[PDB]
């Protein structure tokens, strides 16, 4: 049983770590798939984001971090995944996640989207929010893996 947790992870946060850890307690192999998402003008390069996530997830034995620029449905097929994992935060993410999952269902009917709910600790953060706080030299230590907080400060210097 193979599941994919896709996202921009720009950068990966403790909310993302929360979700991927719950996915490893539930599925045999989880692929943390980092979308290139160049339309989003990500702060970190795909190679940067893959490196940050690999280091931030190394203590989790059954997580494989991979970058990709493909269509999600094609990449899920090529990875032999039948489960797509997405974290559910708020009502505005939810409605977009539904359009997404229905689109992914259209493109790959046997690829099933499942939504996990993060801990309350991370229920109000996002990559975007942490980055804006860090641009104003605010403390984001609590929201990020050490390697990621270390790298985020270096990139904003």
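In this text, rigid core is short for the largest set of C-alphas that superpose within 1.5 Å between two forms. Numbering follows the first chain given and starts at 1.
- Taking the root mean square of CA deviations in 9 other deposited structures of this protein after fitting on the rigid core, 132-140 and 19-27 differ, and the farther of the two is 132-140.
- Each structure in 9 other deposited structures of this protein is fitted to the shown form on the rigid core, and of 89-97 and 112-120 the C-alphas lie farther away on average for 89-97.
- Two stretches are in play, 142-150 and 7-15, and the higher mean C-alpha B-factor belongs to 142-150.
- For the two regions 43-51 and 88-96, the entry's Cα B-factors average higher over 88-96.
- Per the PDB record, 63 has a higher Cα B-factor than any other of 33, 63, 103, 26.
- In the deposited entry, the Cα temperature factor of residue 71 sits in the bottom third of values across the chain's modelled residues.
- Among the modelled residues of its chain, residue 56 has a C-alpha B-factor that falls in the middle third, as given in the PDB entry.
- Per the deposited record, the Cα B-factor of residue 110 falls in the highest third when ranked against the other modelled residues of its chain.
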